[PDB]
Structures are given as C-alpha cells and as structure tokens.
C-alpha cells in the first residue's frame, strides 16, 4: 500500500533516505494485534480512530483526556491518517491527570494492570505497551516495567527530554525494555533528546503531526512522539509474523538504518527505526 502526502515521520520509517513524503506498508497493517497507551487517556470518539479505540482503566474522576498528550500518542500508533499500524486495536490506561502529572505508585499500578488485562482481550498476533512518560531514577518503577516485559508484552519507553544520559531516569534506564530517542526531518538527533548506552533505537520526534482533543489535529515535539512510532512498528511486524513480543526490540535494532544520524555522542547507538517494506 502507499499513502501520499503523509506526515514526514511515517515516510521516514519506510525509506532508506530522508526528504520523501509517501508512506509504504503491507496492507495487513497490524490487524489482530493490540497496543496499550499508558498516558493521559484517549478521545476514543475522534473520527480518525474509526471505532478501534476504547478506554479500559482510569485512576481519576473521569477516563476522558482533558490534556491532549495521550490522544496524540495514540494517533501516531494507529489513527487512519497519522498512524503506523492503521488496523490495530488501541486500549487507553489513564495514569496521568489533565495537567500531565502523576504519582509513581499510580504509574506502577497501571503497568501491573496491563500485564493482567491482556488475558481479557483478543490479541492473537501479540500485545504492545507505549509509555510516553518518566521521571528520576526509581528501582520500583524499573521493576514494574521489567515485569510487564516478562509477562509477554513488547514495552517501548521514552528516553526523556533533558539533553543528558538516560541512565538517571525511569523507566528509561530499565535494561530489558526498548528505550527510544528522538530525531528530526534532516536526520539530526533532536536537540532535547537524552542519549547513552541504555538507548536501543531512535524514531521521528521533532514536529510530529497527529490527533488532538476536540476532534482536531496539531504538530508537537519530544521523545514522547518518537516512542509511539516504535510501538506501532512492533505491532505491524508481529502481525506479519517477522517477530514476537520477547525479541521485537532486538529485531528492530538488527533491521534499522545504520550510521545515518548526526550529533550522536560516542557510546550511543546510531540506529533509526525502519520497516524494510518492498512494494
């Protein structure tokens, strides 16, 4: 399949070079897979989701997204126009409030919820979780992310936006999950992106167009925007039978575009997520 005039980030994940505007992908498009978006919620009624999104859990007075951040991340995973995996099922878990903040105990409860809740859903091709959040180092937060991965879920997490070594942030610093940095349309590391030996991969993170609350759209930047490109790619590859939840991070790194990014500090991987689709 071919999507003309796509957002730059979708075109980049299906290309060997920067500067193109068509997204190429196998028409199976993640059907039969599931992606949990653990964030501020999802506006499931947005026309871009076509009935494939629903809220499954909240820790606050409402399950609605009063912020917009979680709706934007879900759109990069699986909306019709702005998503990587256009036929996946999306499940929302609201662990952040409408100001975008949340206690670490609530975030841990949310990750334990997904590890059990997958047994109540129909996901024959496999299960993914997208975590666009983070804070300072916590051994308890890292252990929760490791349990979720062990249970058979592909876990993707944001590196953080401090222009620093990701070793000092959680869940970014957990070894067994997929830690994602951010790049821009000219193949530079984003100026805010964290780095270090704990990173596994980079994805598009500067000026990313996706869905917003109120049935609208907008372009915003961060490692939060890079993370759902990788979660959507994992769902797409599991549907095609190329990999499984336990080895998807290794498969994505083995098949990535190598040595193409600028301003990568010595010691950090120079790997950009790529679907390797041949029309």
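The numbers used for chain A are those of Swiss-Prot, and the residues that appear cover 106-384, in sequence.
Going by what the header records, the deposited coordinates were determined by electron crystallography, 1.5 Å.
A Cβ is built for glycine as well, from the same backbone N, Cα and C atoms used for every other residue.
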Additional site residue, 222, 305, 312 [criterion: listed by Swiss-Prot with 280, 282 for Ca(2+) 1]: 305
In the chain carrying residue 365 (Ca(2+) 2 binding site), residues 6 or more apart in sequence that have Cβ under 8 angstroms from it: 123, 292, 375, 377
Lowest local Cβ density among 228, 283, 354, which the record lists as disulfide-bonded residues, within 10 Å: 228
Neighbourhood of residue 280 (Ca(2+) 1 binding site), C-beta criterion under 8 angstroms, separation at least six: 303
Near-site residues: Ca(2+) 1, ref 280, 282, 305, CB cutoff 8 A to centroid: 262, 279, 281, 283, 284, 303, 354
